[PDB]
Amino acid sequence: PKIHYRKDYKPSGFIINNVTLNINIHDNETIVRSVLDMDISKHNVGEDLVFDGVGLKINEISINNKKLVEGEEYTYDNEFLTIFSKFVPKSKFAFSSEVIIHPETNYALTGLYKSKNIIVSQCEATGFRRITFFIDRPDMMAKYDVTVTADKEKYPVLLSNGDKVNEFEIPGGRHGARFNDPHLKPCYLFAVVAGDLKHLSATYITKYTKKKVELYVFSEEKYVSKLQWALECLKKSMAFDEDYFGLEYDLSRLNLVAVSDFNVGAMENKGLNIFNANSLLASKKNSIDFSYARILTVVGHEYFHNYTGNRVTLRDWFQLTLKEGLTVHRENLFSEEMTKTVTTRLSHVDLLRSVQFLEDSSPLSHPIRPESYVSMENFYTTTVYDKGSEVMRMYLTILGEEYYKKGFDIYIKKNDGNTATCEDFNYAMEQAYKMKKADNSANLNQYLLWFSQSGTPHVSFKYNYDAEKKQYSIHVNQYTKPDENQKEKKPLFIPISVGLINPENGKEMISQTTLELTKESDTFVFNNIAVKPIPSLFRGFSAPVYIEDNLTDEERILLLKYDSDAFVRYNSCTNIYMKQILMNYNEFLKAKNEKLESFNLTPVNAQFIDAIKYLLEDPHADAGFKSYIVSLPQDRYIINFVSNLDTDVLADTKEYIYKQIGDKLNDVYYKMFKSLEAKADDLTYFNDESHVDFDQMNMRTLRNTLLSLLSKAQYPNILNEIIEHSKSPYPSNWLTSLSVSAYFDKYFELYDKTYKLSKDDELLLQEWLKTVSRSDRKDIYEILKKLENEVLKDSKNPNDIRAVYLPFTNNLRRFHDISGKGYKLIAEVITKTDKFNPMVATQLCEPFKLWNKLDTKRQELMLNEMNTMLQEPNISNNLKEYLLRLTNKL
């Protein structure tokens, strides 16, 4: 296959300065006329001029008004247009093409496509070449003048990037609009939308320059009532970037548009951000609570790209983490500020240590700046995004707010209106570091290893206390397992945020400090430590690593109770659970393998259970935090700690643990479920789509967590509570009633009730589908068939397909049925979906990423299905690359 290598980057021989487009939409074709004002660069060596262009039907090609002919002056193979060098001018020239495309049959949702009754584009990464010919790479920056025309009754709103400079009527019931985007950009940031869209609008005045910006949010008419929270989130996003980073919006107008059919969450096209409707639309009567946080994060994320991605863009796609890691970091700072709840940072940690750690121990393991690819689309990964964000966050930890802000401003200003690389970012941060250290010989060269080295570091600790001297030492070691990317791993620059807790009184013993580990091992010593402490390590999860605290469970309980840092408290609890999970897993596994008639299980620590009860009963402790402590670690976290995992043994392990704890705590759980009701379900703000009480939402989360535990337990008469909960006006509550009813004969009544409540809102019905799919039902395979036949049917909507199948794949007992029937079901969906949407098919491969971690019978079953998928004729390049890498063939 054609493999692109990071080291081989070279600037083009050509420059494209201006793009002038006419996009004429008709019922059964769209005609795209494009003039590129081009020139020869200083790198040119008289090569052929080669344009990307995929699936285009050529009407005409010319250079400087000279028609070019196929076979004579050019060739086209449905991927690349080659203009032979003799006909490539030697100075400024105009290249003209006209092509025909068909958005109405574009079910891949890349390029120009139809989503219900809206025409929309998605060009990142390689979609612009599906619209017209270009040198489709992000260093080819140009200014754009775009005219869209269409039938006026069908498509009354026409949008492209930038200022709308004219609107005109056209004979035969058509109309046009012309846009000028003054900001130089790569083609991946081009967008156009045409539809019968409705809007909400507001005016925002920038903080420093007092520029008036018109803000528009758009959707189809049915859902215009669901736009207000997005608009509010945009206003919050703009103010945060002003307040924290000093960054103001740079056009007179910003449009956000919701579309029903979208492969991912949203896209930062300049002035014209386009969203999956699931990440832009909500209403409190018709959305679950999680929609609100999702919309806040996604609006924020696309907005933050206006600097980190748009005004400073990528030299090449290997630099992706420079825009995505950095934007995720900006997004997370923003969400943490807006929600003011500790669960926000914890949720991010949970995501990394489950999905990203699994990826990094898989055969798909890559550094955050990859060295090669076949389809760039397969590198939009939780590694590039979420490990990238942690790498961008560690700069903040190392520098502190003031010197971080200085480095970021160095970067954003130096590279404004241009491309950048990961090195450029590291250089700007290094200038801030020298200033912070007041040492112009300090450097961050070692830091670069976070961009180039794959795998997750393991950090381990030993402690010693000298009572006579009042002197404490922390000895720290780091290790990264060799892999396919590096046979020898080097030590990283690891910042370790640390406190020391007095176990007597629970108080802080030092100013929090950040240890800078730069070697394979080091010993950090503290004087004036009056008693032997318990260390509070990696506060805030200060680096993306595996932490081996080497603490006793008694010490972990003391931190859970008394430490200040939410992450350390949560991790201490996580660690106690993991010790128990691995011990019980081993006990169950030995019993199963040895076919014992009897055996013992280690009970859950009774003092840990008491600590859980103490935290839950504390009315001043945080509800969201409580919901993390009564939940075992996610299966995808656990699996990073087990080789040859027997999924059914794990399921029995988790059931035993939950049951041990509930046998002690279920009365506490019920009491709290009832006592939290009044505040959790208070209707303050129910009619206010501009304000969300995140603390209240975390109270609902805790209630819904407790109700699941009590339902699985068959707590006496809990069905009464389930039925009452189904009458709540909050969808998070009535959909929880369906999930928790799985354990009772009432499930199919609740299935019907909630279907009727959900069926008339597209996105609520998708949340109902997820609720059914994740239900802990012994008959889940028959339920899935019922969803396919009655609700999903022949939908090509990625949100429908994802809703039906992905939750079910997390069903540890049922998906991993030792017959392989789960693996076969999902593989058939992948293959089916790959015939029209390769990106979505690759998403649906997610469950297979852990294949080589399973017991050898399940390994064999997964491998069989992966190789069957690989045999499919006309398999996409996206899917074939993914599966070849995943199965150790590429």
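We number the residues from 1 along the sequence you see.
Checklist line | Greater mean Cα temperature factor according to the PDB record, 453 to 461 or 370 to 378 | finding: Here the higher of the two C-alpha B-factor means belongs to 370 to 378.
Notebook entry, point to check: Comparing 388 to 396 with 169 to 177, which stretch shows the greater average C-alpha B-factor in the deposited entry?
Noted result: Mean B over CA atoms: larger for 169 to 177.
Next item on the list: Name the one of 360, 522, 565, 782 with the greatest CA B-factor according to the PDB entry.
Entry: Answer for 360, 522, 565, 782: 782, with the highest C-alpha B-factor.
Notebook entry, point to check: Which is it among 619, 300, 309, 535: the one with the largest CA B-factor in the entry?
Noted result: In the PDB entry, the greatest C-alpha B-factor among 619, 300, 309, 535 is found at 619.
Item checked: CA B-factor placement of residue 871, once the chain's modelled residues are sorted into thirds -> Ranked within chain, residue 871 CA B lands in the highest tercile.
Note to self: Please say which third, lowest, middle or highest, residue 856 falls into when its CA temperature factor is compared across its chain.
What the structure shows: It belongs to the highest third of the chain when residues are ordered by C-alpha B-factor.
Checklist line | residue 18 - Cα temperature factor, lowest/middle/highest third of chain | finding: According to the entry, residue 18 has a C-alpha B-factor in the chain's middle third.
Checklist line | Assigned third (lowest, middle, highest) for the C-alpha B factor of residue 814 | finding: It belongs to the middle third of the chain when residues are ordered by C-alpha B-factor.
Notebook entry, point to check: Lowest, middle or highest third of the chain for the C-alpha temperature factor of residue 843?
Noted result: For residue 843, the deposited C-alpha B-factor lands in the middle third.
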